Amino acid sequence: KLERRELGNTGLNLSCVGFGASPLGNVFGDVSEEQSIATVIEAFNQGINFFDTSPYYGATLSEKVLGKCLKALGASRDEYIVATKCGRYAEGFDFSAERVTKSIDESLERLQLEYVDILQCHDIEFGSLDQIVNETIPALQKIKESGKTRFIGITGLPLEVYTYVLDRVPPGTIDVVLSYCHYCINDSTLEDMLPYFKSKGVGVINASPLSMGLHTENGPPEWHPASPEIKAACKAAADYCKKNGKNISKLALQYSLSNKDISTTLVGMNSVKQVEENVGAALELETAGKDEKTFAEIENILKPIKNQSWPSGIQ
């Protein structure tokens, strides 16, 4: 069975591999609704029980499609865990209490759910962090008390933005944090913040273990924000694996899964083959361990750009 890990103090047990549903909004090329449904059904059948989306992905399309996918499961509601977000929309950012209070109703309508398990502020580095602390999080606390979400959180790229918020709200205010692109073969800096997150009692969700396509055979999309030198070294690592009969995406995901202090790693998936590969990579990690010789050679290739990121937001 696919390993499950406790998520902070929420009592939720998430599969160590999570379903990133942003491709269901066509972020990484177009995908049919029938394929999306089959992909989620296969993910659930393989033991994945955690699904993450946002009103932003595909201008609310990802949520609509995921809502159809989850209905097609025909499963008990407590057998899967749904996370979505608020504050970032196709028409821009709005972290006001009025916006996010409307947003949860809009998301529940699209998702065809009475409640989500997790609701998080999306990309807070683009907002006023003082508004997040003093207006947005209180509004989310009222949404939680209404029952429309069970737990609340915050997401963003820069690791520093979390400390600003978590230092200023009372203990136990935030249930979960989602960080992305910082626990993968080229960037492990999320491990630097895990001691702080443990100190605040927050469950940690990692996302983008392929760093949004850097750790794939096809390579990153044209819009990927990483510098050319990050892209060149990631391509060299993928070419090394291809030359030696190795799967760069399998190894990248196995790297991200190896830290047990992270409850789940969301990986964007848009096909049943990707689900079969990614669950298989997780299962094989438990029974065969890691290919240490290839990881060491991958590390040597990525070393010059290790832990380099890119600017995001307005802080």
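In this text, residue numbers run from 1 along the sequence as written.
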Practice item. Averaging only over Cα atoms, indicate whether 239-247 or 156-164 has the higher B-factor in the PDB entry. Key: 239-247
Check your understanding: With respect to the recorded C-alpha B factors, which stretch has the higher mean value, 204-212 or 70-78?
Key -> 70-78
Practice item. Relative to the other modelled residues of the same chain, rank the CA B-factor of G18 and answer lowest, middle or highest third. Key: lowest
Exercise for review: Pull the Cα B-factor of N270 out of the PDB entry and bin it into the chain's lowest, middle or highest third.
Suggested key: highest
Study note, to complete from the structure: Assert third(CA B-factor, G127) within chain per record equals middle
Exercise for review: Sort the modelled residues of this chain by their C-alpha B factor and say whether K142 lands in the lowest, middle or highest third.
Suggested key: middle
Exercise for review: For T39, return the chain-relative third of its C-alpha B-factor as stated in the PDB record: lowest, middle or highest.
Suggested key: middle
